[PDB]
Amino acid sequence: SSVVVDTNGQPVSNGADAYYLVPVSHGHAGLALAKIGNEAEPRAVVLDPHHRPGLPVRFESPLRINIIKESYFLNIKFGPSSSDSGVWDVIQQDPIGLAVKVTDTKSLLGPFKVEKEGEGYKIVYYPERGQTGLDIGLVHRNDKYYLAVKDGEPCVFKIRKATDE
């Protein structure tokens, strides 16, 4: 039923536009890529307090609508629309647990949803496109915040349209 709206009260578009996920608490931090430890390239999604734009995202549904409802399964991804290099998934990766990493690959139905939580929105992962959802929150290690499942400790975002770009 429920439409996701940007910081101006305007519907979040389906892929057409890009938005900054702006932490309500961690205003400073902005999204970025990083290694968790010592693997060959940095695929793990984090909030880095030392980057104050961050890389904005695009939310996609296969449904031919030009807005996003809180009830839609989404793909979240960085980069432009054409591109599938920056597509969020949840991969097991000790020490962090269930982390958000990018692949250059994509399912038709993404595994996430955007739900209201107090001041703004949280991202929620749905194991096996099932009925129960796990909040994405943060793990502080190596001087940044790694996005990962932390049911009940969601990281809350307002969504700022990038029409700066």
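So that the term is clear: the rigid core is the largest set of C-alpha atoms that superpose within 1.5 Å between two forms. From 1 onward, residues are counted along the sequence shown.
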RMS Cα shift after core superposition in 4 other deposited structures of this protein, winner of 48-56 and 107-115: 48-56
Of 142-150 and 5-13, which departs more from this form in 4 other deposited structures of this protein by CA RMS after core fitting: 142-150
20-28 set against 151-159, stretch whose average Cα temperature factor tops the other in the entry: 20-28
Mean C-alpha B-factor comparison - 39-47 and 64-72, higher one: 39-47
Identity of residue with top Cα B-factor, from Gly133, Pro111, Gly137, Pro53: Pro53
Record-listed C-alpha B factor of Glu128: chain third: highest
CA B-factor placement of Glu115, once the chain's modelled residues are sorted into thirds: lowest
